[PDB]
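Q: Only the shape, not the letters, is given here:
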Ligand SMILES: C[C@@H](c1cccc2c(-c3ccc(CS(C)(=O)=O)c(F)c3)c(C(=O)O)[nH]c12)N1C[C@@H](CCCN)OC1=O
Ligand SMILES: [Zn+2]
Ligand SMILES: [Zn+2]
């Protein structure tokens, strides 16, 4: 009934949308992994009479449910998707998208990592993002490569019309007590990468983490804090 939906409020397989700003929504889904249930976020950005999707809903059936929820709540076609790193909460569902008319994109790094680790593989490579600090425009967003953080390939997304910063899994929610799943993380580089985000997007008004509740710019500093304390 209007608050941001949390992990215990979304059964695995169902998707909810949350209006962030005019023409900007997050999507929230839940998934089981190693015997625990986790929420995850993605983004939807209105692109004229089309929609740009950022990240899958963490699995094929969740991503089919995402498409159905978008048609119910928004009713515009998803034409393009970007995955912001290679893990299953970002690319799991790319095959569903690709069979539903969606052109799927990721950096070449993400594509190579997804292929090597047996995850689903976006079709199109996003050049111009291979050095930290790089930025490119993609429809109504800017894609930014901050450097290694949660993963070496992680991208963040800015919606300039709304000053919405979608951090993906390089950014954690304020309640987080650790740096999440650090399997592929670079804990030493992560604070430097967060500093790059902070410097590049100082006018962000909403910051959305890869998992959990959106907030303001404090999510970036909180992320740096928990990552440094995790590493130590
Ligand atoms: C599929 C993904 C994965 C699965 C399950 C959980 C997560 C979490 C996670 C965990 C805890 C918290 C709460 S908290 C900040 O308070 O600790 C959280 F917010 C997020 C993250 C993330 O942190 O983004 N991701 C997860 N996987 C799998 C793995 C693949 C490695 C392949 N080489 O790595 C990875 O990320
Ligand atoms: Zn990840
Ligand atoms: Zn994640």
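A: Thanks, I have the structure now. Numbers count the residues shown, from 1 in each chain. Ligands and ions are numbered 1, 2, ... in the order given.

Q: need the longest strand for this structure.
A: Taking DSSP state E as the criterion, the chain has its longest strand at strand 36-47.

Q: wait, does that strand contact ligand 1?
A: Yes: using CB under 6 Å from any ligand atom, we find that strand 36-47 touches ligand 1 at residue 38. Backbone N, C-alpha and C define where each C-beta goes, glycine included.

Q: Is any residue of that strand near ligand 2?
A: No: figure legend: strand 36-47 not in contact with ligand 2 (CB under 5 Å from the ion); closest approach 9.2 Å.

Q: by contact count, what packs against that strand?
A: strand 24-33, strand 50-54, strand 78-82, strand 156-159, strand 206-209 (3 or more CB pairs under 8 Å, 6 or more residues apart in numbering; DSSP states H and E).

Q: what's across from the residue nearest in space to the middle of the chain in the sheet?
A: Most central in the chain under CA atoms, centre = their mean is residue 168, positioned 3.6 Å from the mean C-alpha point. Using DSSP bridges, the bridge partners assigned to residue 168 are residue 209.

Q: what about it, distance to ligand 2?
A: Remark: distance between residue 168 and ligand 2 (CB to the ion, to the nearest Å) = 8 Å.

Q: do the same with residue 116
A: Taking CB to the ion, one finds residue 116 at 15 Å from ligand 2.

Q: again, but for residue 105
A: Taking CB to the ion, one finds residue 105 at 18 Å from ligand 2.

Q: Tell me who's in contact with residue 26.
A: With contacts defined as CB atoms under 8 Å, 6 or more residues apart in numbering, residue 26 is in contact with 17, 18, 20, 41, 42, 43, 44, 166, 208, 214.

Q: In this structure the residue nearest to the centre of the chain contacts residue 86, no?
A: No: checked against CB atoms under 8 Å, the pair residue 168 and residue 86 is beyond contact range at 11.5 Å.

Q: ok, the residue in the chain that ligand 2 sits nearest to to residue 119 distance?
A: Going by CB to the ion, ligand 2 is nearest to residue 87 of the chain, at 3.4 Å. Using CB to CB, to the nearest Å, one gets 7 Å for the distance from residue 87 to residue 119.

Q: Neighbour count for the two, which is higher?
A: A side-by-side neighbour count of residue 87 and residue 119, using other CB atoms under 10 Å, places residue 87 first with 28 against 19.

Q: List phi and psi for that one.
A: With angles defined as degrees, to the nearest 10, residue 87 sits at phi -80, psi 160.

Q: Surely it touches residue 180?
A: No: if you go by CB under 8 Å, residue 87 and residue 180 don't touch, sitting 10.9 Å apart.

Q: Between the two, which contacts overlap?
A: Joint contacts of residue 87 and residue 180 (CB under 8 Å, 6+ apart) are residue 169.

Q: Enumerate the strands of the chain by residue range, in sequence order.
A: Under DSSP E, the chain gives strands at 15-21, 24-33, 36-47, 50-54, 78-82, 103-106, 124-125, 135-138, 141-144, 156-159, 164-168, 206-209.
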